[PDB]
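Chains as they are written, first to last, in our numbering: chain A, 69 to 167; chain B, -12 to 90; chain C, 10 to 64; chain D, -1 to 99; chain E, 95 to 226; chain F, 3 to 131.
All C-beta atoms in this analysis are idealised placements derived from N, C-alpha and C, irrespective of residue type, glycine included.
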RNA sequence: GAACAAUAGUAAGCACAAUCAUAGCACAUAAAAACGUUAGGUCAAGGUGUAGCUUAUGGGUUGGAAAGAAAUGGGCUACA
Ligand SMILES: [Mg+2]
Ligand SMILES: [Mg+2]
Ligand SMILES: [Mg+2]
Ligand SMILES: [Mg+2]
Ligand SMILES: [Mg+2]
Ligand SMILES: [Mg+2]
Ligand SMILES: [Mg+2]
Ligand SMILES: [Mg+2]
Ligand SMILES: [Mg+2]
Ligand SMILES: [Mg+2]
Ligand SMILES: [Mg+2]
Ligand SMILES: [Mg+2]
Ligand SMILES: [Mg+2]
Ligand SMILES: [Mg+2]
Ligand SMILES: [Mg+2]
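Here is the structure:
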């Protein structure tokens, strides 16, 4: 090692646009901190779930508008029909417990 | 009405709906009109800051970081260094109390 | 009212150039295809399923 | 309707973690620096501590997209093994085959 | 016994398409693939989104075309445009068929914000590879 | 077909390398026949090789709840073809790669590396500061 | 409900076998493995039949857990 080596390295450093003045290994993290995309910002993170409200509401609309057809919702519906026709329904809010 | 499949493709492409060939992945993104020396050299916004202080150590690491970053445009980097000016000058009391006079 | 109209292989000239009929990227509609083609793993009958309705 | 209340709170954790993200990055820039004073670091400490803890990165949990299963999730497809296997076996998943060697 | 995606032996009368007559372990041996896209290759991205897209396209095509869908839906993805290929039974008159063709192409191009192309091939009765 | 000639000195390429990735072999074989026959007509003078295949294998638990002695093993194979073109122009490049790219199959992906020939930059020519 | 110098059995279907995968063979391994059995496992992957909860068996915040007197299964590292 030499002073010629230190000055050569500083030359390369300030030239290439890398870290110029000697720093700790610890502080260097902050370098890498702005050198990247932060974790919570990445599209592979915040865009993880497709919007469920979108598909759900869209297809339900398209259904009542008579375009899409949901056999699951028809099963459900028909079964709550035969559940309430029996007399066991879903109580109007506030009524069930105390009465 | 359509005369051919090629007419289909042609119209989709004029409309900008069909993709552009031979594909460059940068098609449709101009990056604000910027060039590298607006990205790489951040000296412009390091003008106002104490020069020999450790604040230049911290801000040179911040600078060298925002230089290496493809993920952000000019604007947001500048908002970073500006928020840093605003916050560093926000507390005048801390900097002076710490044992180094800082501008 | 049930409509069955014969495939294009019936109206096709034997030497008519191919790129006319298939200019671009396509699903392979069996009707417009003059060439008989059998795919599918054979049954023990010995018959690969026909070019018609084959998934 | 998101398939669970689980997926509800975690979605709100994705929005939030995107929102205060800049704050996080810039505060933790000073907080993790050695050269700067310890005094700016105690104050930066109270600062990221002040942020709502629903906006921090690690409070976020990876779940299967459709079936919401918290664990056994394949990172690349965001899908639980039950659903993955289901989809790939019908051949609805491209390129995925049964391994023999 | 392995129950993944299989059709059990009946009294021997059960009509079966080539598709459901082959166990998962046959995929790429005999069976082809239902969906085709770049995403699962060695060096590539966003397989997940093409998968979500796939799933919803299954749901959509089976709910939009009541009772007439013959065999499982073939998804192609080429140069950003989706070619949706469906083998469909003859039930409804041509009017409603083109209505729903245009309807689907429009709504799918516009939701997925990319050009969609829909190919329907009609079949007289469900294709039977085995039994019957 | 509108054609126009700009006076500017069109870009040269020493080696235009095209990687074609796939799952299946057959498609890449056919596509190879296609690119070869397309690059012969335009007198582009090319070669083709097969870069060795890469196989990824990962494992899932076979049952919904608990048997850990039982595992399903799933596989993804990526096969390669590489087209190597030498001594081509910029326009010949844009056309050939347009024709090759528009027709690219659905299951296959394409990665192109172009090494382009530049003489020297201006501030370097023969000044010394 | 079979006997091959054959005595009532013929049968497509599905297993096993055959082919595929392990980059050529052959082998090995891998895979494959019907029908049924153990009301075997899981309503916490998800989905549902039946019953229940609906100012609560619902939805949120905040803090709190997972301590060893032992008993044992499996491992890792050893005793040189
Ligand atoms: Mg975590
Ligand atoms: Mg077993
Ligand atoms: Mg072999
Ligand atoms: Mg063997
Ligand atoms: Mg085995
Ligand atoms: Mg076998
Ligand atoms: Mg066996
Ligand atoms: Mg029990
Ligand atoms: Mg349940
Ligand atoms: Mg229920
Ligand atoms: Mg509660
Ligand atoms: Mg808690
Ligand atoms: Mg003991
Ligand atoms: Mg050992
Ligand atoms: Mg040992």
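Inset, instruction - Output, in chain order, the set of chain A residues within a Cβ distance shorter than 8 angstroms of residue 42 of chain D. - result: Those within 8 angstroms of residue 42 of chain D in chain A number zero; the least Cβ separation is about 12 angstroms.
Inset, instruction - Name, please, each residue of chain E whose Cβ falls closer than 7 angstroms to the Cβ of residue 123 of chain A. - result: 150
Legend entry - Distance CB(residue 112 of chain F)-CB(residue 22 of chain F) smaller than 8 angstroms: yes
Inset, instruction - Would you mind stating whether residue 202 of chain E and residue 180 of chain E have Cβ atoms separated by less than 8 angstroms? - result: no
Legend entry - the region 82 to 96 of chain A in contact with the region 22 to 33 of chain D per 3-pair CB rule at 8 angstroms: yes
Legend entry - Whole-angstrom distance between residue 168 of chain E and residue 97 of chain E, CA atom to CA atom: 23 angstroms
Inset, instruction - Give the straight-line distance between the Cα atoms of residue 36 of chain B and residue 79 of chain A, rounded to the nearest whole angstrom. - result: 24 angstroms
Inset, instruction - Mind checking the region 129 to 146 of chain A against chain B and listing, in chain order, the residues whose C-beta falls within less than 7 angstroms of any C-beta there? - result: none
Legend entry - Under 8 angstroms from the C-beta of residue -11 of chain B: neighbouring residues of chain C: Going along chain C, no residue has its Cβ under 8 angstroms from residue -11 of chain B, so there is no contact; the nearest lies around 12 angstroms.
Legend entry - Contacting residues, own chain, Cβ-Cβ under 8 angstroms from residue 43 of chain B (five flanking each side not counted): 33, 36, 37
Inset, instruction - Check whether the Cβ atoms of residue 154 of chain E and residue 182 of chain E sit closer than 8 angstroms, and answer yes or no. - result: no
Inset, instruction - Would you please state the rounded distance, in angstroms, between the beta carbons of residue 224 of chain E and residue 115 of chain E? I believe it to be under 8 angstroms. - result: 5 angstroms
Inset, instruction - Alpha carbon to alpha carbon, how far is residue 172 of chain E from residue 1 of chain C? Give it in angstroms, no decimals. - result: Nothing in the structure corresponds to residue 1 of chain C, since chain C is present only between 10 and 64.
Legend entry - 8 angstroms contact criterion, which residue 81 of chain F and residue 30 of chain F should meet: CB distance rounded: 6 angstroms
Inset, instruction - State buried or exposed for residue 78 of chain F, treating a residue as buried only when at least 16 other CB atoms are found within 10 Å of its CB. - result: buried
Legend entry - Cross-chain neighbours of residue 33 of chain D in chain A, by beta carbon under 8 angstroms: 91, 92, 95
Legend entry - Among F/123, F/128, F/118, F/131, the one whose alpha carbon lies nearest that of residue 15 of chain F: F/118
Inset, instruction - On the DSSP bridge assignment, give the partners of residue 129 of chain E in chain order. - result: E/169
Legend entry - Residue of B/61, B/69, B/-11, B/70 minimising C-alpha distance to residue 19 of chain B: B/61
Legend entry - Uninterrupted beta strand (DSSP E) stretches inside the region 80 to 129 of chain F (no shorter than 3 residues): 111 to 119
Legend entry - Neighbourhood of residue 115 of chain F by C-beta distance below 7 angstroms, restricted to the same chain and skipping five residues each side: 19
Inset, instruction - Assign residue 153 of chain A to one of two classes, buried (16 or more other C-beta atoms within 10 Å of its C-beta) or exposed (fewer than that). - result: exposed
Inset, instruction - Would you check if the distance between the CB atom of residue 61 of chain D and the CB atom of residue 68 of chain D is smaller than 8 angstroms? - result: yes
Legend entry - Option nearest residue 21 of chain B by Cα separation, candidates B/-3, B/59, B/-10, B/3: B/59
Inset, instruction - Please say whether residue -7 of chain B and residue 32 of chain C have beta carbons closer to each other than 8 angstroms? - result: yes
Inset, instruction - Closer than 9 angstroms, Cβ to Cβ, to anything on chain B: give me those residues from the region 4 to 29 of chain D, in chain order. - result: 20, 23, 24, 27, 28
Legend entry - Helix, strand or coil at residue 179 of chain E according to DSSP, with G and I counted as helix: strand
Inset, instruction - List the DSSP bridge partners of residue 78 of chain D. - result: D/71
Legend entry - Residue burial classification, residue 47 of chain B (beta-carbon count within 10 angstroms, cutoff 16): buried
Legend entry - chain E contacts from the region 63 to 82 of chain D (Cβ-Cβ distance under 8 angstroms): 63, 64, 74, 75, 76, 77
Inset, instruction - Give a yes or no on contact between the region 50 to 59 of chain D and the region 7 to 27 of chain D, applying the rule of three or more CB pairs nearer than 8 angstroms. - result: yes
Legend entry - Closer than 8 angstroms at the beta carbon, the chain F residues around residue 59 of chain D: Within 8 angstroms Cβ-Cβ: nothing; residue 59 of chain D doesn't reach chain F, min ~20 angstroms.
Inset, instruction - Determine, using beta carbons only, whether residue 73 of chain D and residue 8 of chain D come nearer to each other than 8 angstroms. - result: no
Legend entry - residue 107 of chain F, buried or exposed, once every other Cβ within 10 Å from all chains shown has been counted against 16: buried
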